[PDB]
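Source file my_file.cif; content: mmCIF, C-alpha atoms and all ligand atoms.
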```cif
data_target
#
loop_
_atom_site.label_atom_id
_atom_site.label_comp_id
_atom_site.auth_asym_id
_atom_site.auth_seq_id
_atom_site.Cartn_x
_atom_site.Cartn_y
_atom_site.Cartn_z
CA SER M 2 11.54 -5.49 19.32
CA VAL M 3 9.59 -6.15 16.11
CA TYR M 4 10.73 -9.76 15.72
CA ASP M 5 9.77 -10.41 19.34
CA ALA M 6 6.30 -8.96 18.75
CA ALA M 7 5.96 -11.01 15.56
CA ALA M 8 6.64 -14.08 17.72
CA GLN M 9 3.24 -13.51 19.34
CA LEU M 10 1.64 -14.29 16.00
CA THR M 11 1.06 -17.98 16.66
CA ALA M 12 -0.53 -20.48 14.30
CA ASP M 13 -3.96 -19.92 15.84
CA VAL M 14 -3.58 -16.13 15.74
CA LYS M 15 -2.53 -16.21 12.08
CA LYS M 16 -5.50 -18.45 11.29
CA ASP M 17 -8.01 -16.05 12.86
CA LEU M 18 -6.43 -13.08 11.08
CA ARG M 19 -6.73 -14.79 7.69
CA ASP M 20 -10.27 -16.01 8.27
CA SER M 21 -11.49 -12.58 9.38
CA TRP M 22 -9.56 -10.79 6.62
CA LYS M 23 -11.28 -13.02 4.05
CA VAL M 24 -14.44 -11.10 4.92
CA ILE M 25 -13.13 -7.69 6.02
CA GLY M 26 -10.75 -7.36 3.09
CA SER M 27 -13.49 -8.24 0.60
CA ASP M 28 -14.82 -4.67 0.75
CA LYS M 29 -11.78 -2.47 1.22
CA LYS M 30 -13.52 0.81 0.46
CA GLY M 31 -16.52 0.14 2.70
CA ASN M 32 -14.65 -1.31 5.66
CA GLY M 33 -11.67 0.99 5.28
CA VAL M 34 -13.93 4.04 5.51
CA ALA M 35 -15.87 2.51 8.41
CA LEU M 36 -12.55 2.02 10.18
CA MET M 37 -11.52 5.66 9.74
CA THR M 38 -14.89 7.26 10.54
CA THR M 39 -15.11 5.11 13.68
CA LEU M 40 -11.63 6.21 14.74
CA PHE M 41 -12.59 9.87 14.32
CA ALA M 42 -15.88 9.35 16.17
CA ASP M 43 -14.43 7.53 19.18
CA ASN M 44 -11.16 9.49 19.37
CA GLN M 45 -11.87 12.94 17.93
CA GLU M 46 -8.36 14.07 18.84
CA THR M 47 -6.85 11.88 16.09
CA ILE M 48 -8.37 14.21 13.50
CA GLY M 49 -5.51 16.57 14.29
CA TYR M 50 -3.20 14.37 12.21
CA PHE M 51 -5.46 14.48 9.15
CA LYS M 52 -5.85 18.16 8.32
CA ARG M 53 -4.86 17.37 4.72
CA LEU M 54 -8.00 15.26 4.26
CA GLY M 55 -10.26 18.27 4.76
CA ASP M 56 -13.90 17.77 5.76
CA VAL M 57 -13.73 14.28 7.23
CA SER M 58 -17.37 14.55 8.33
CA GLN M 59 -18.26 13.81 4.69
CA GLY M 60 -17.13 10.22 5.16
CA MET M 61 -17.22 8.06 2.01
CA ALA M 62 -18.08 11.12 -0.09
CA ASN M 63 -14.77 12.80 0.76
CA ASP M 64 -12.43 11.70 -2.04
CA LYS M 65 -9.26 12.25 0.01
CA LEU M 66 -10.60 10.32 2.99
CA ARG M 67 -11.76 7.54 0.66
CA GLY M 68 -8.37 7.48 -1.04
CA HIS M 69 -6.60 7.19 2.31
CA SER M 70 -9.02 4.56 3.61
CA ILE M 71 -8.66 2.24 0.61
CA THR M 72 -4.88 2.62 0.69
CA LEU M 73 -4.79 1.76 4.41
CA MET M 74 -6.51 -1.56 3.65
CA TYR M 75 -3.78 -2.54 1.19
CA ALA M 76 -1.21 -2.14 3.96
CA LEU M 77 -3.20 -4.68 5.96
CA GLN M 78 -3.49 -6.90 2.87
CA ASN M 79 0.31 -6.69 2.64
CA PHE M 80 0.68 -7.74 6.30
CA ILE M 81 -1.76 -10.65 6.03
CA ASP M 82 0.03 -11.95 2.93
CA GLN M 83 3.40 -11.93 4.75
CA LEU M 84 2.26 -13.74 7.89
CA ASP M 85 4.04 -17.02 7.05
CA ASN M 86 7.44 -15.37 6.65
CA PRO M 87 8.47 -13.25 9.66
CA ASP M 88 11.50 -11.88 7.80
CA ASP M 89 9.21 -10.35 5.18
CA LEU M 90 6.50 -9.37 7.66
CA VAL M 91 9.08 -7.49 9.71
CA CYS M 92 10.58 -5.61 6.78
CA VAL M 93 7.19 -4.39 5.50
CA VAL M 94 6.10 -3.39 9.04
CA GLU M 95 9.29 -1.36 9.55
CA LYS M 96 8.67 0.24 6.14
CA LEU M 97 5.19 1.30 7.23
CA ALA M 98 6.58 2.66 10.51
CA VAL M 99 9.00 5.08 8.83
CA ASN M 100 6.40 7.66 7.76
CA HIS M 101 4.42 7.29 10.98
CA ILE M 102 7.53 7.97 13.04
CA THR M 103 8.16 11.11 10.97
CA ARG M 104 4.57 12.16 11.70
CA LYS M 105 5.42 11.75 15.37
CA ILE M 106 2.75 9.11 15.95
CA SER M 107 3.60 7.18 19.12
CA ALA M 108 2.80 3.52 19.80
CA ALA M 109 0.07 4.62 22.21
CA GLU M 110 -1.55 6.85 19.60
CA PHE M 111 -1.29 4.15 16.93
CA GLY M 112 -2.98 1.71 19.29
CA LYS M 113 -6.14 3.80 19.19
CA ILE M 114 -6.99 1.90 15.99
CA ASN M 115 -7.75 -1.23 18.05
CA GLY M 116 -11.18 0.01 19.10
CA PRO M 117 -12.30 0.72 15.51
CA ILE M 118 -11.03 -2.67 14.35
CA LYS M 119 -12.93 -4.41 17.15
CA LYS M 120 -16.11 -2.61 16.06
CA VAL M 121 -15.70 -3.27 12.33
CA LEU M 122 -15.04 -6.95 13.09
CA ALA M 123 -18.15 -7.17 15.30
CA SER M 124 -20.33 -5.61 12.60
CA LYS M 125 -19.37 -8.66 10.53
CA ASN M 126 -19.95 -10.93 13.53
CA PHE M 127 -16.32 -11.60 14.46
CA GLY M 128 -16.07 -11.66 18.25
CA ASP M 129 -13.40 -10.95 20.86
CA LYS M 130 -11.31 -13.91 19.72
CA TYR M 131 -10.67 -12.12 16.42
CA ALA M 132 -10.28 -8.64 17.94
CA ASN M 133 -7.52 -10.00 20.18
CA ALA M 134 -5.75 -11.52 17.19
CA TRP M 135 -5.85 -8.18 15.40
CA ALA M 136 -4.54 -6.37 18.47
CA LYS M 137 -1.53 -8.69 18.30
CA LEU M 138 -0.84 -7.71 14.67
CA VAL M 139 -1.18 -4.03 15.54
CA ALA M 140 1.28 -4.66 18.37
CA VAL M 141 3.93 -5.65 15.82
CA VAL M 142 3.66 -2.18 14.28
CA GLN M 143 3.62 -0.60 17.75
CA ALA M 144 6.96 -2.30 18.46
CA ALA M 145 8.48 -0.36 15.55
CA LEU M 146 7.22 3.05 16.67
CA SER N 2 -5.24 16.48 -15.68
CA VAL N 3 -5.56 13.24 -13.73
CA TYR N 4 -9.21 13.01 -14.81
CA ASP N 5 -8.40 13.15 -18.51
CA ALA N 6 -5.51 10.72 -18.05
CA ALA N 7 -7.76 8.23 -16.26
CA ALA N 8 -10.21 8.40 -19.16
CA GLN N 9 -7.42 7.06 -21.39
CA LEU N 10 -7.73 3.66 -19.73
CA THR N 11 -10.01 2.10 -22.34
CA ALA N 12 -11.60 -1.35 -22.20
CA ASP N 13 -8.73 -3.15 -23.93
CA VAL N 14 -6.09 -1.28 -21.94
CA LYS N 15 -7.76 -2.33 -18.69
CA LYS N 16 -7.98 -5.92 -19.90
CA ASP N 17 -4.28 -6.09 -20.86
CA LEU N 18 -3.36 -4.63 -17.45
CA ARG N 19 -5.36 -7.34 -15.68
CA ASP N 20 -4.04 -10.21 -17.81
CA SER N 21 -0.42 -9.19 -17.26
CA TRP N 22 -0.88 -8.36 -13.56
CA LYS N 23 -2.34 -11.85 -13.15
CA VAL N 24 1.20 -13.11 -13.78
CA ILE N 25 3.46 -10.30 -12.53
CA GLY N 26 1.42 -9.75 -9.38
CA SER N 27 1.69 -13.42 -8.43
CA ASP N 28 5.25 -12.91 -7.14
CA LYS N 29 5.27 -9.46 -5.57
CA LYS N 30 8.57 -9.95 -3.75
CA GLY N 31 10.55 -11.32 -6.69
CA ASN N 32 9.16 -9.03 -9.39
CA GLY N 33 9.08 -6.07 -7.01
CA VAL N 34 12.79 -6.37 -6.29
CA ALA N 35 13.54 -7.04 -9.96
CA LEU N 36 11.69 -3.83 -10.82
CA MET N 37 13.73 -1.75 -8.35
CA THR N 38 17.12 -3.26 -9.16
CA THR N 39 16.51 -2.63 -12.87
CA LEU N 40 15.61 0.99 -12.10
CA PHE N 41 18.88 1.52 -10.23
CA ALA N 42 20.88 -0.23 -12.95
CA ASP N 43 19.45 1.66 -15.94
CA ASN N 44 18.96 4.93 -14.07
CA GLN N 45 21.75 5.29 -11.50
CA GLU N 46 20.77 8.95 -11.10
CA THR N 47 17.65 7.89 -9.19
CA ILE N 48 19.62 6.15 -6.44
CA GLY N 49 20.08 9.44 -4.59
CA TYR N 50 16.38 9.55 -3.72
CA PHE N 51 16.73 6.20 -1.93
CA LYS N 52 19.54 7.01 0.53
CA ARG N 53 17.53 5.61 3.45
CA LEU N 54 17.53 2.17 1.80
CA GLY N 55 21.30 1.86 2.09
CA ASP N 56 23.37 -0.36 -0.20
CA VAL N 57 20.89 -0.96 -3.00
CA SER N 58 23.20 -3.41 -4.82
CA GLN N 59 22.56 -6.07 -2.16
CA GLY N 60 19.16 -6.61 -3.74
CA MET N 61 16.97 -9.21 -2.03
CA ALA N 62 19.39 -9.35 0.92
CA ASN N 63 18.75 -5.68 1.76
CA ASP N 64 15.79 -5.77 4.16
CA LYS N 65 14.81 -2.14 3.59
CA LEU N 66 14.92 -2.54 -0.18
CA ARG N 67 12.90 -5.74 0.07
CA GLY N 68 10.34 -4.02 2.29
CA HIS N 69 10.03 -1.10 -0.12
CA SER N 70 9.73 -3.38 -3.18
CA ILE N 71 6.96 -5.54 -1.72
CA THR N 72 5.09 -2.42 -0.61
CA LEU N 73 5.41 -0.84 -4.06
CA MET N 74 3.71 -3.90 -5.56
CA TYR N 75 0.70 -3.50 -3.29
CA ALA N 76 0.22 0.03 -4.62
CA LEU N 77 0.01 -1.46 -8.11
CA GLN N 78 -2.40 -4.06 -6.75
CA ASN N 79 -4.44 -1.15 -5.40
CA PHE N 80 -4.52 0.53 -8.83
CA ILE N 81 -5.51 -2.65 -10.68
CA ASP N 82 -8.33 -3.29 -8.21
CA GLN N 83 -9.71 0.23 -8.78
CA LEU N 84 -9.86 -0.01 -12.59
CA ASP N 85 -13.64 -0.57 -12.50
CA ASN N 86 -14.36 2.81 -10.90
CA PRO N 87 -12.54 5.90 -12.29
CA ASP N 88 -13.46 7.96 -9.21
CA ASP N 89 -11.80 5.44 -6.92
CA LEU N 90 -8.77 5.07 -9.18
CA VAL N 91 -8.23 8.84 -9.20
CA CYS N 92 -8.45 9.22 -5.43
CA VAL N 93 -5.93 6.45 -4.74
CA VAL N 94 -3.60 7.81 -7.43
CA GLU N 95 -3.70 11.32 -5.92
CA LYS N 96 -3.12 9.80 -2.47
CA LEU N 97 0.04 8.08 -3.75
CA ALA N 98 1.19 11.30 -5.43
CA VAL N 99 1.23 13.23 -2.14
CA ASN N 100 4.42 11.75 -0.70
CA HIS N 101 6.11 11.75 -4.11
CA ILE N 102 5.38 15.46 -4.52
CA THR N 103 6.85 16.02 -1.06
CA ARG N 104 10.04 14.22 -2.16
CA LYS N 105 10.06 16.46 -5.22
CA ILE N 106 9.69 13.57 -7.67
CA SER N 107 8.64 15.04 -11.01
CA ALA N 108 6.43 13.42 -13.64
CA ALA N 109 9.52 12.89 -15.79
CA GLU N 110 11.39 11.24 -12.91
CA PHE N 111 8.44 8.98 -12.08
CA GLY N 112 8.19 8.00 -15.74
CA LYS N 113 11.58 6.32 -15.48
CA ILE N 114 9.76 3.32 -14.03
CA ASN N 115 8.44 2.49 -17.52
CA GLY N 116 11.76 1.01 -18.64
CA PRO N 117 11.91 -1.45 -15.70
CA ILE N 118 8.25 -2.38 -16.14
CA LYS N 119 8.81 -3.07 -19.83
CA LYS N 120 11.77 -5.32 -19.01
CA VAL N 121 10.02 -7.24 -16.23
CA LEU N 122 7.01 -7.83 -18.51
CA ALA N 123 9.27 -9.04 -21.32
CA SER N 124 10.94 -11.56 -19.02
CA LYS N 125 7.46 -13.08 -18.65
CA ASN N 126 6.68 -13.08 -22.38
CA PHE N 127 4.54 -9.92 -22.33
CA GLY N 128 5.46 -7.63 -25.21
CA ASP N 129 5.09 -3.99 -26.25
CA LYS N 130 1.30 -4.20 -26.26
CA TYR N 131 1.44 -4.74 -22.50
CA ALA N 132 4.32 -2.33 -21.84
CA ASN N 133 2.22 0.36 -23.53
CA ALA N 134 -0.83 -0.46 -21.42
CA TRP N 135 1.25 -0.05 -18.26
CA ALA N 136 2.71 3.21 -19.54
CA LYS N 137 -0.85 4.56 -19.67
CA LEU N 138 -1.50 3.62 -16.03
CA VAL N 139 1.78 5.26 -15.02
CA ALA N 140 0.69 8.36 -16.97
CA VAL N 141 -2.29 8.68 -14.64
CA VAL N 142 0.13 9.14 -11.74
CA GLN N 143 2.36 11.44 -13.78
CA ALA N 144 -0.68 13.66 -14.32
CA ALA N 145 -0.99 14.09 -10.54
CA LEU N 146 2.63 15.07 -9.89
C1 LIG T 1 -4.18 -0.35 11.03
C2 LIG T 1 -3.44 0.87 11.22
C3 LIG T 1 -2.91 1.70 10.23
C4 LIG T 1 -2.41 1.36 9.00
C5 LIG T 1 -2.26 -0.03 8.37
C6 LIG T 1 -1.95 2.60 8.38
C7 LIG T 1 -1.51 2.68 7.05
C8 LIG T 1 -1.18 3.86 6.40
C9 LIG T 1 -0.77 3.93 5.02
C10 LIG T 1 -0.51 2.75 4.10
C11 LIG T 1 -0.62 5.26 4.74
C12 LIG T 1 -0.18 5.83 3.41
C13 LIG T 1 1.33 5.82 3.23
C14 LIG T 1 2.03 6.78 4.16
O1 LIG T 1 1.96 8.00 3.91
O2 LIG T 1 2.62 6.32 5.15
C15 LIG T 1 -0.93 6.00 5.96
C16 LIG T 1 -0.91 7.39 6.08
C17 LIG T 1 -1.12 8.10 7.27
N1 LIG T 1 -1.38 7.53 8.50
FE1 LIG T 1 -1.41 5.55 8.97
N2 LIG T 1 -2.10 3.67 9.23
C18 LIG T 1 -2.72 3.14 10.36
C19 LIG T 1 -3.10 3.87 11.50
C20 LIG T 1 -2.86 5.23 11.69
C21 LIG T 1 -3.22 5.98 12.91
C22 LIG T 1 -3.89 5.36 14.13
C23 LIG T 1 -2.85 7.29 12.70
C24 LIG T 1 -2.95 8.44 13.53
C25 LIG T 1 -3.62 8.59 14.79
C26 LIG T 1 -2.29 7.33 11.35
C27 LIG T 1 -1.97 8.52 10.68
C28 LIG T 1 -1.59 8.61 9.35
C29 LIG T 1 -1.48 9.86 8.66
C30 LIG T 1 -1.65 11.27 9.25
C31 LIG T 1 -1.22 9.56 7.37
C32 LIG T 1 -1.20 10.56 6.22
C33 LIG T 1 -2.61 10.82 5.70
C34 LIG T 1 -2.62 11.73 4.49
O3 LIG T 1 -2.42 12.95 4.66
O4 LIG T 1 -2.83 11.23 3.37
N3 LIG T 1 -2.25 6.06 10.76
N4 LIG T 1 -1.20 5.13 7.00
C1 LIG T 2 5.07 2.13 -10.37
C2 LIG T 2 5.72 3.25 -9.74
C3 LIG T 2 5.81 3.50 -8.36
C4 LIG T 2 4.94 3.16 -7.35
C5 LIG T 2 3.62 2.40 -7.49
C6 LIG T 2 5.48 3.70 -6.12
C7 LIG T 2 4.98 3.43 -4.84
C8 LIG T 2 5.54 3.83 -3.63
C9 LIG T 2 5.02 3.44 -2.34
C10 LIG T 2 3.76 2.61 -2.08
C11 LIG T 2 5.84 3.96 -1.40
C12 LIG T 2 5.65 3.79 0.11
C13 LIG T 2 4.71 4.83 0.71
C14 LIG T 2 5.31 6.23 0.70
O1 LIG T 2 6.28 6.47 1.45
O2 LIG T 2 4.82 7.09 -0.07
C15 LIG T 2 6.90 4.69 -2.12
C16 LIG T 2 8.00 5.30 -1.52
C17 LIG T 2 9.02 5.97 -2.23
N1 LIG T 2 9.00 6.20 -3.60
FE1 LIG T 2 7.63 5.60 -4.99
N2 LIG T 2 6.63 4.43 -6.35
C18 LIG T 2 6.87 4.30 -7.71
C19 LIG T 2 7.93 4.93 -8.38
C20 LIG T 2 8.87 5.78 -7.79
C21 LIG T 2 9.95 6.44 -8.50
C22 LIG T 2 10.20 6.26 -10.00
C23 LIG T 2 10.69 7.14 -7.59
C24 LIG T 2 11.87 7.88 -7.75
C25 LIG T 2 12.68 7.97 -8.94
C26 LIG T 2 10.05 6.91 -6.31
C27 LIG T 2 10.60 7.31 -5.09
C28 LIG T 2 10.16 6.92 -3.84
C29 LIG T 2 10.92 7.13 -2.61
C30 LIG T 2 12.30 7.81 -2.48
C31 LIG T 2 10.22 6.53 -1.63
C32 LIG T 2 10.66 6.42 -0.18
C33 LIG T 2 11.56 5.20 0.01
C34 LIG T 2 11.92 4.97 1.46
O3 LIG T 2 12.63 5.81 2.04
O4 LIG T 2 11.50 3.94 2.02
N3 LIG T 2 8.93 6.09 -6.44
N4 LIG T 2 6.66 4.64 -3.48
#
```
I need this file expressed as structure tokens, please.
Amino acid sequence: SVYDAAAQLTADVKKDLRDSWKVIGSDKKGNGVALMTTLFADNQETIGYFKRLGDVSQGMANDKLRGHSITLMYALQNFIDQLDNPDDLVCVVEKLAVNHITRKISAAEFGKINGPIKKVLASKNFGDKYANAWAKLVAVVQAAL
Amino acid sequence: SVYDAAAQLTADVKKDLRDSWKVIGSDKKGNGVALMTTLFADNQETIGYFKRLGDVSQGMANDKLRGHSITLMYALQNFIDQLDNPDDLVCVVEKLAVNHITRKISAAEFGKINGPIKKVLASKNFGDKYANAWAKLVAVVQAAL
């Protein structure tokens, strides 16, 4: 029910996503890496999916981790840019879901990214209001998994 | 090697990439789909790799094709944004190469995107000078396959 989940992205939710992304997306390498290292720190078990990245404890210094982290932020950039057209938002979200389904990543597992997002947002002084908005965007992806 | 190929992106090459992307990257959906449809038209042999997308001739109306096309443009956006730092450019290029290697896409196969890029650029009054600059960026990826 991707379209149904997209319906939860109301005018106010879209506004908070764009306002917070204006800051978070301004440093894709820095915030992308912070997002990943926080995920690994708070949910060590997720590291099992990233054996290809090697020594993730290296953080920013790990070229593969950095490459993945920056690339992840462009997926979010893609989503933010499509917010005003649900037909396009839905097709790019389903595109993203394809490889995650193949990796056998469930909606519950994918949702573990909510904690890291909440923390990265707070480090930039974006409170619960914004974290909730982001959880709603993540929920659109969860609906496709 | 990808490191030697990245070093081929000289000052003027980087500038021409930015100037042309300024225009082509303004309409990621339209130019992204144009890019893909041109690939399938001039190189029908490549269609086999995109079985999941379905009836590719539907163009913009094919949701999966549209989703793929928009997403492809954000990878180019990624590359353009990393031109300032060779180390970052290389790590995002190698990241992109991973799934293409898995699909057994060779450097020669990947290089078939040069024709479509040249044609999309030309439609926007960007000549050979620009097509050649983009061929050099594509060569960085080819070096990682
Ligand atoms: C905001 C959430 C997320 C976004 C936007 C996102 C985005 C992406 C993108 C764009 C890629 C590269 C293209 C691809 O191979 O599909 C990727 C790869 C991947 N993602 Fe996700 N992802 C997210 C969360 C997660 C989570 C929570 C997990 C697992 C617990 C996960 C596991 C993976 C894995 C294993 C890869 C491959 C990494 C590699 O070997 O390079 N992703 N993701
Ligand atoms: C400028 C050149 C290109 C760029 C930037 C690019 C980018 C991408 C991106 C971002 C994805 C989605 C993430 C992933 O699954 O890895 C993708 C998927 C894919 N690419 Fe590439 N690509 C390019 C050229 C090509 C070429 C020339 C071929 C084959 C002849 C190819 C075949 C594929 C296939 C089959 C998929 C999966 C499609 C699907 O099932 O949704 N790509 N590419």
Check: Quick one, how far is CA of residue 76 in chain N from atom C10 of ligand LIG 2 (chain T)?
Finding: 5.1 Å
With ligand LIG 1 (chain T) as the partner and 8 Å as the cut-off, tabulate the residues of chain N that qualify, each row holding the nearest pair of atoms and their distance in Å to one decimal, using all atoms listed in the file, sorted by chain and rising number, as CSV.
```
residue,atom,partner,partner_atom,distance
N:96,CA,T:LIG1,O4,6.0
N:97,CA,T:LIG1,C13,7.4
N:99,CA,T:LIG1,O4,7.1
N:100,CA,T:LIG1,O1,6.4
```
Note to self: Given all atoms listed in the file as the basis, pick out the residue of M:66, M:106, M:94, M:42 nearest to residue 7 in chain M.
What the structure shows: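 Looking only at the distances to residue 7 in chain M, the closest residue turns out to be M:94.
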Checklist line | For residue 20 in chain N: contacts at 10 Å, all atoms listed in the file, fewer than 4 positions along chain excluded, given as number ranges by chain | finding: N: 15-16, 24-25, 127, 131
Item checked: ligand LIG 2 (chain T) neighbours within 9 Å using all atoms listed in the file, as a PyMOL selection string -> (chain M and resi 96-97+99-100) or (chain N and resi 36-37+40+44+46-54+65-66+68-78+80+96-101+104+106-115+118+138-139+142)
Checklist line | Which residue of M:10, M:92, M:34, M:81 approaches residue 64 in chain M most closely, using all atoms listed in the file | finding: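 Going through M:10, M:92, M:34, M:81 one by one, the smallest distance to residue 64 in chain M is for M:34.
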Item checked: For residue 17 in chain M: contacts at 7 Å, all atoms listed in the file, fewer than 4 positions along chain excluded, given as a list in words ->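 With the cut-off at 7 Å, the set is residues 13, 21, 131 and 134 of chain M.
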Give me a file of those residues, with C-alpha atoms, as a PDB file, in the frame of the given file.
```pdb
ATOM      1  CA  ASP M  13      -3.960 -19.920  15.840  1.00  0.00           C
ATOM      2  CA  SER M  21     -11.490 -12.580   9.380  1.00  0.00           C
ATOM      3  CA  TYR M 131     -10.670 -12.120  16.420  1.00  0.00           C
ATOM      4  CA  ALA M 134      -5.750 -11.520  17.190  1.00  0.00           C
TER       5      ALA M 134
END
```
